[PDB]
Structure formats: C-alpha cells, structure tokens
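Okay, so here's just one chain, in structure tokens, the form deposited in one PDB entry.
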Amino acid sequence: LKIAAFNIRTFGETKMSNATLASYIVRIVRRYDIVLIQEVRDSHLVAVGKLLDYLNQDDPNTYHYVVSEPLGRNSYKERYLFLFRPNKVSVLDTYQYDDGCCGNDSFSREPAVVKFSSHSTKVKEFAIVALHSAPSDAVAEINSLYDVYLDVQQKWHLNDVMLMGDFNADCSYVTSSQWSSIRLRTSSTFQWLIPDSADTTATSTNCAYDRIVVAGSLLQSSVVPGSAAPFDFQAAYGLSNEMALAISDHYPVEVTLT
C-alpha cells in the first residue's frame, strides 16, 4: 500500500483550472492508494470537485474522499483532503480533533483523523492523523500531537497510528535545541520515518518540513524498510525549477506498507 502526504501550495480554483498544472497533480496523486492533501484553499469545494472530476473520469469509483471543514484561527483557512482508492482501503470512521475554542485552542488547523481498513497489509486497521502546522507555532503544535495520539487511543482503542503532514519540522521553525520540547519526539513510542537530514522542499532550501511518524508495533512492522522518502517530482519528470515551483514548493512524502 502506498501512502503520501502532499502540501500543494495554494491548492484551489486558480490552480486546478490550469490543465497543465492539473495534469501533473493527477499524475502525482495516482501513484498512491492514500493521499493526504494540504493547503486546500477552497471554501466552496470547486477545486476539490475539479480534481475528483479528473480522478474518476473513467470510473466513478477510482477515488473516494474525506474532506474536513475549512480550518484556521485568524481569517485564512484550509481544509484537509484525504483521497483513497476504495478497492484498496475503506474508511471505518473519522473525527475532527477537538482542541478547544477563543485564546485556548492548541492548533491553527486541528487534526482531521481517519481510521482505515486495509486488507492487503499486515496491519488491518490503523488511523492517520493529519497536520499542516503553523510555522510560527511549529514546536507547540508538533508537541500537541502527543495529546492527539492519546485521544485516538481513548476513542478507538488503537495503538496503530500514522501522524503525517507539513509539520514545518526543520530550519527556522524547529531548531536544534527545540526537539527536547517535543513529546512526539522524546517519547520512544514513535518512530520518525522521514529523518532530519531529508529535503522535502521543491525550492533551494534543504529542510525536512514534511514528516511521517508511526506508533503501534503492528503498523511499525508493516512499513517496508527504506520506502519512506520525499518524492522529487522535479527530478522524476525532468521539470524546470519554475515549472516544479508552480506545482508546489514542497515534495510529497510517501511510505509503502506491506
């Protein structure tokens, strides 16, 4: 099973309306059984609907989806979009993490949580926790995912959970001496599949912003060793830097389950 988390810079109407851009997006998505899309700036679901049009153009059930409400604390809002192949996986349950709220809420974009059924893999049931952190508050946010894990355990009684997304987990946003502050890192319950030395950005910076974390021995046993990696689409398609950048400034991060 192939899973990815992809931050598509300003995913929306304007972007999906460009057939050249749309075409590459479809391409990327089709590589996966499950894909988490972030930075969905689409209040009326027009862009999401254009994407599904393309994905299901030949079969109405190529891809199914789960979308959250537009989330954010200030005025700027984004959705979490999960696309999945219904022939591979099934959605058992979903819930939005209740963070509070104002002044008290712990996240700009509280995590969407989805429980999947996967018959082809070792793990038969697992949950994915999505997080697109706020740069400014990266440390606090990643640290709070430890509380989300707990919430999942209390609700579904499941230990098998994959935490993923654009955590802004490197460079200016999470510096060297701040890892101490993050429970999701200091607790050995969790394995970080994308290492600190990985480059998940399409621009010239070298930062491991995008990450994949897993908890659960059944899930941890299901990851194919060395499969977790950012997907450099620029290299893959022989794109120009300006063309790679018009797609996104981030690479998708993927992992394979067996």
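Take the two forms, superpose them, and find the largest set of C-alpha atoms that agree within 1.5 Å; that set is the rigid core. One-based numbering along the sequence shown.
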* Kindly name the stretch, out of 74-82 and 134-142, whose CA atoms are displaced more from this form in 8 other deposited structures of this protein after the core superposition? => 74-82
* Note whether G165 lacks coordinates in a third or more of the other compared entries that model its flanking residues. => no
* Asked: When the other entries of this protein are compared, is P111 unmodelled in at least a third of them?
  -> no
* Is there a break between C101 and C102, and how many deposited residues does it span: none, 1 to 3, 4 to 9, or 10 or more? -> 1 to 3
* Mind pulling up the entry and telling me whether 244-252 or 12-20 has the higher mean Cα temperature factor? => 12-20
* Name the higher of the two by mean Cα B-factor in the PDB entry, 56-64 versus 31-39. => 56-64
* Candidate residues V48, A208, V213, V224, the one whose C-alpha B factor the record puts highest -> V224
* Largest Cα B-factor, entry values, listed residues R185, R79, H132, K155 -> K155
* To do: Using the B-factors in the PDB entry, rank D170's C-alpha atom against the chain and give the third, lowest, middle or highest.
  => middle
* Structure fact -> The third of the chain into which the C-alpha temperature factor of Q191 falls is the middle
* **For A4, the third of its chain into which the C-alpha B factor falls** => lowest
* Would you please rank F116 by its C-alpha temperature factor against the other modelled residues of its chain and give the third it falls in: lowest, middle or highest? => middle
* If you rank the chain by CA B-factor, which third does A228 end up in: lowest, middle or highest? -> middle
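Here the subject shifts to the form deposited with a partner chain bound, a form of this protein not shown in this document.
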* Given that the partner is absent here, does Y173 sit within 4.5 Å of the partner chain in the deposited bound form, heavy atoms only? -> no
* Asked: Can any non-hydrogen atom of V29 be found within 4.5 angstroms of the partner chain in the deposited bound form?
  -> no
* Given that the partner is absent here, does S68 sit within 4.5 Å of the partner chain in the deposited bound form, heavy atoms only? -> yes
* **is_contact(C207, the partner chain) in the deposited bound form, heavy atom dist at most 4.5 Å** => no
* Spot the stretch among 31-39, 197-205, 45-53, 221-229 with residues whose non-hydrogen atoms come within 4.5 Å of the partner chain in the deposited bound form. => 45-53
* Is it true that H64, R79 and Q96 each have at least one non-hydrogen atom within 4.5 Å of the partner chain in the deposited bound form? -> yes
* **Candidate from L145, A112, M162, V89 lying within 4.5 Å of the partner chain in the deposited bound form - any heavy atom** => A112
